[PDB]
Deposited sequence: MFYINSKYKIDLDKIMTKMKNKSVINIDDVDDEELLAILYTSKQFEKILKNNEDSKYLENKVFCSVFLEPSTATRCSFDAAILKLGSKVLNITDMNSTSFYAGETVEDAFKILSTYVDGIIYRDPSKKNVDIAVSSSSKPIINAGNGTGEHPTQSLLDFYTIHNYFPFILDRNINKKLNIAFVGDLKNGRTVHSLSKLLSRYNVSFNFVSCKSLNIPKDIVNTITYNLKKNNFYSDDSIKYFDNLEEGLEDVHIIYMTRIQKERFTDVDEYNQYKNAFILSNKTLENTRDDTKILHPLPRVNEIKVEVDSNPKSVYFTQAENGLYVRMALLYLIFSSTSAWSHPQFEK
């Protein structure tokens, strides 16, 4: 019965007026209050589904899911969140200019989920749609709903990320393709709002982009959590995994995670991966209790249900007992 709303002021009626028909393109489109609301509402959706209670808290809405690259987990997670909420979805998986398409699609539906391998088209579609857009994609750019469900996963094991206490600091290692990884970019930016330290593990051409480091550095400094130990760079997993609460692995033989290479990590460390994987994580880590990547994917349902509930409701009633 004690959720984060017994811990922080979460006026869920005010915040939902502010989120009514909000578009979510980038993780900076979600503020402190909006993040609190999503995390609280994600927890309610988790409790409702896990007790097999009625989840149809958004009946009679119609979304269009546009996915112009293969997805699976993310596409099927959104489709599933929509159906569980009692709403319907029509689907595209591939002349017409982007703006015409979103002008027409937005006359037929209440909201659009959009994935495009192009980084720019989502801005175009946001300016021609008469309806709110959720970024599911936008190649190499951002993945805001990934960030939120990663955060929710992290908050579940490490409640103190929310406390903003100078003395309770979360250390996270990102590993793999940091350059192209829109999951790293989104989550970096989000974490850097909190008392967090970052180890970036990769090989030279895949290093974290300069301007992500500038955003992390900016945001850390804004809350007085910036020091010369905030952002360390690493060649290998030996150095890179030491004293991290979180290991976050990414797609792309130089950074393969094994039960051997987890021996010298913290006891309380938790392994994330947005998925899919190839060789980055060996089977045998699935059976290590520090593997939580499958709970993470699961959380994607509660968090995308929450977001959809917060953006498009009170137009049933509420998983806001508020």
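In sequence order, the deposited residues that have no C-alpha coordinates form the ranges 95 to 102, 261 to 275, 339 to 340, 348.
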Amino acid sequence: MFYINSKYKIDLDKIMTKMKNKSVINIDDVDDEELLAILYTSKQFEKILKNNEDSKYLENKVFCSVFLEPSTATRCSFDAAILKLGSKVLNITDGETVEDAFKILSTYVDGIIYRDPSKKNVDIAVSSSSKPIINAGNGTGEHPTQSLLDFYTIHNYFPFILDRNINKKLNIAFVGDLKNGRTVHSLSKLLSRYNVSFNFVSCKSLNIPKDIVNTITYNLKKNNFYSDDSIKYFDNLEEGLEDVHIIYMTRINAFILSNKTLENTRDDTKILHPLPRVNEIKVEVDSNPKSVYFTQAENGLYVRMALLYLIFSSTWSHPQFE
From here on, numbers count along this sequence of modelled residues.
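Once the C-alpha B-factors are averaged per stretch, 302 to 310 and 9 to 17 rank with 9 to 17 first. Across the two stretches, 26 to 34 and 262 to 270, the PDB entry reports the greater mean Cα temperature factor for 262 to 270. When the C-alpha B-factors of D79, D177, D110, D150 are read from the PDB record, the largest value belongs to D177. You'll see in the entry that, of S130, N165, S192, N138, the Cα B factor peaks at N138. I281: CA B factor in the highest third of modelled residues in this chain (values from the PDB entry). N253 sits in the highest third of its chain by CA B factor, as recorded in the PDB entry. For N236, the recorded CA temperature factor ranks within the highest third of the chain's modelled residues. In the deposited entry, the Cα temperature factor of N60 sits in the top third of values across the chain's modelled residues.
The PDB entry assigns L206 a C-alpha temperature factor belonging to the highest third of its chain's modelled residues.
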